[PDB]
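Here the structure is laid out as structure tokens; the discussion comes afterwards.
Here is the naming used below: chain letters follow the sequence lines, and residue numbers restart at 1 for every chain. Side-chain atoms are counted along with the backbone in the values below, which use heavy atoms only and exclude waters and symmetry mates.
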Amino acid sequence: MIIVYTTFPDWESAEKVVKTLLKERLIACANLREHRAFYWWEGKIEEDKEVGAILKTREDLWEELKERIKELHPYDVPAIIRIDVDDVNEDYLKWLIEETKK
Amino acid sequence: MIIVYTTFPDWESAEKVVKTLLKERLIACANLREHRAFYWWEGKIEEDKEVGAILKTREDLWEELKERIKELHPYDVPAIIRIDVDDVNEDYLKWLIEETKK
Amino acid sequence: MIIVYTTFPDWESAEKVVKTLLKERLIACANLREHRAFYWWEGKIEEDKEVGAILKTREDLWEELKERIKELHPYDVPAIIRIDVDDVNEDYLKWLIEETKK
Ligand code: NA
Ligand code: NA
């Protein structure tokens with residue numbers, strides 16, 4: 001399985017995207033929380049509150065998920081970071097597999 | 001070293017479990033913070049407040065830690081995700097190894 | 001690219017360090033959010049509030065970043081954890097590469 005990290009400008013866009021991903025069963029679930037972001041943007045160090053999102057899905061769904069997020073994401077240049085899970089309890093993995101598209 | 005991510009329904013259980021893992025020295029440290037979880041429950045997409053926990057320990061203690069978490073976790077099918085640390089400052093790693101069980 | 005996780009005792013130090021890392025272009029961006037820490041410290045389980053920081057930068061900048069964080073960080077033995085990103089959307093990657101020093 002893998003985890004994907006992305007950020008949103010606010011909660012409305014975040015939940016909208018996440019729910020769409022769940023309805024299409026491209027992810028088994030997501031953990032969202034706010035954070036203070038500091039980043040470079042066109043010669044300036046911007047500061048802004050964001051909603052960070054941790055998504056859980058299968059490895060074979062990675063490409064389809066990334067492409068789907070690029071279509072739904074409010075940011076023109078969003079972060080879609082994949083981090084593989086080295087291991088996980090079997091019961092949870094089976095659940096994640098059952099919850100995602102066939 | 002490795003990081004282990006799991007979630008709890010509340011702070012009581014989260015701290016109780018983490019302090020127990022610390023006491024038995026299965027981990028050297030934990031970071032706890034709330035988040036909003038989204039997943040399928042009862043044929044509907046549910047949103048639920050949780051306490052996420054990031055645990056830090058050694059790779060060789062993974063299996064034992066995983067089993068221990070299963071025995072103590074309040075959820076019936078908790079997420080016990082292992083993510084290997086690619087690199088880290090070695091004075092911190094020395095500390096982590098020294099604080100964990102033989 | 002890589003993700004670097006570190007923690008700070010307060011917002012003042014976290015913001016100061018992160019802004020310097022950004023002005024030196026050792027990182028393209030940072031996400032700061034609070035958490036409660038539980039860890040072993042010389043025979044006792046300590047409890048402390050912290051500001052966790054997720055840093056994003058290029059792999060080749062890892063060594064230099066770790067060294068700079070070490071020189072700036074308020075903790076004597078801070079956590080500077082590196083997790084490699086298995087994959088990411090190229091357009092986002094280009095932005096991150098462009099904003100970090102050559
Ligand atoms: Na990895
Ligand atoms: Na909501």
Side-chain angles (χ1 to χ4, degrees), chain B residues 1-8 10-36 50-59 61 65 72 81-102, chain C residues 1-9 11 14 17 21 31-87:
Chain B
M1 65 176 283
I2 60 172
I3 283 180
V4 173
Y5 183 72
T6 183
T7 72
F8 298 88
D10 51 56
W11 283 99
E12 185 177 293
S13 65
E15 294 195 4
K16 178 200 59 180
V17 176
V18 167
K19 290 178 181 178
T20 296
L21 295 181
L22 285 166
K23 185 187 188 304
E24 296 173 1
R25 289 179 179 285
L26 284 170
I27 63 173
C29 149
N31 289 178
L32 280 52
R33 85 284 180 286
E34 305 191 17
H35 65 238
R36 306 177 192 289
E50 291 189 302
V51 175
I54 294 170
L55 318 180
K56 311 164 196 185
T57 193
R58 304 204 311 269
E59 294 96 320
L61 292 174
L65 169 64
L72 297 174
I81 298 165
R82 166 184 166 171
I83 293 182
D84 286 44
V85 175
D86 295 281
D87 205 4
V88 54
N89 53 313
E90 312 188 316
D91 49 317
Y92 175 100
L93 184 51
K94 175 61 177 182
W95 165 80
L96 184 147
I97 293 173
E98 294 291 321
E99 298 308 324
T100 47
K101 71 186 288 288
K102 39 56 63 62
Chain C
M1 65 166 282
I2 64 173
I3 291 290
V4 177
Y5 182 59
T6 189
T7 73
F8 298 88
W11 281 98
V17 172
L21 296 175
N31 295 170
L32 283 54
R33 64 101 183 80
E34 292 180 325
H35 64 64
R36 210 162 204 92
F38 299 81
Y39 56 103
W40 274 107
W41 195 252
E42 305 198 305
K44 49 188 171 51
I45 296 175
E46 298 292 308
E47 186 188 308
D48 279 291
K49 291 195 305 303
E50 297 191 296
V51 178
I54 297 175
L55 313 181
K56 312 184 191 192
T57 189
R58 305 200 313 263
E59 193 184 313
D60 67 288
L61 290 177
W62 168 235
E63 294 73 10
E64 190 172 355
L65 171 58
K66 177 202 293 183
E67 271 304 297
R68 192 47 173 155
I69 290 175
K70 277 176 168 292
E71 308 175 333
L72 300 167
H73 212 296
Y75 289 162
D76 289 316
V77 188
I80 312 177
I81 298 167
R82 164 182 169 179
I83 291 175
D84 288 1
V85 168
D86 297 283
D87 197 14

Heavy atoms, side chains only, cut-off 4.5 Å: are [X] and [Y] in contact?
X     : Y     : answer
C/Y39 : B/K56 : no
C/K66 : B/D87 : yes
B/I3  : C/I83 : yes
C/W62 : B/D86 : no

Do other residues, nucleotides or ligands put more than 12 heavy atoms under 6.0 Å from the [atom1] atom of [X]?
X     : atom1 : value
B/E12 : CD    : no
B/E90 : CD    : no
B/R82 : CZ    : yes
C/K44 : NZ    : yes

- [ ] Report the distance from atom CG of C/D84 to atom CG of B/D84, rounding to the nearest 0.5 Å.
- [x] 11.0 Å
- [ ] Measure the spacing between OH of C/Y75 and CG of B/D91 and express it to the nearest 0.5 Å.
- [x] 14.0 Å
TODO: Go through the steps for C/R33 and B/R33 under the test side chain to side chain contact (heavy atoms under 4.5 Å, CB included), then give the verdict.
DONE: CA-CA 9 Å; C/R33 64 101 183 80; B/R33 85 284 180 286; 3.7 Å; yes
Proximal component of [X], with respect to chain B [non-hydrogen, under 4.5 Å]:
X     : answer
C/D48 : neither
C/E50 : side chain
C/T6  : neither
C/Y5  : side chain
C/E67 : neither

Task: Side-chain donor or acceptor of C/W40 paired with backbone N/O of B/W95 under 3.5 Å - done: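 Such a contact is absent between C/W40 side chain and B/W95 backbone.
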Task: Side chain B/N31, main chain C/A37, donor-acceptor under 3.5 Å - done: no
Task: Chi angles and distances behind the side chain to side chain contact (heavy atoms under 4.5 Å, CB included) call for C/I80, B/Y92 - done: CA-CA 8 Å; C/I80 312 177; B/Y92 175 100; over 6 Å; no
Chain C contact via [X] - which portion, at a heavy-atom distance below 4.5 Å:
X     : result
B/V18 : side chain
B/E15 : side chain
B/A28 : backbone
B/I54 : side chain

Task: Leading residue by heavy atom contact count with chain C [cutoff under 4.5 Å; candidates B/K94, B/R25, B/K23, B/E99] - done: B/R25
Open item on the list: Below 4.5 Å, heavy-atom pairs only: which of B/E34, B/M1, B/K19 has the largest tally toward chain C?
Closed with: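 Result: the option with the highest number of such pairs is B/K19.
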Open item on the list: For the interface with chain B, which of C/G43, C/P78, C/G52 has the highest count of heavy-atom pairs at distances below 4.5 Å?
Closed with: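 Between C/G43, C/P78, C/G52, the count favours C/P78.
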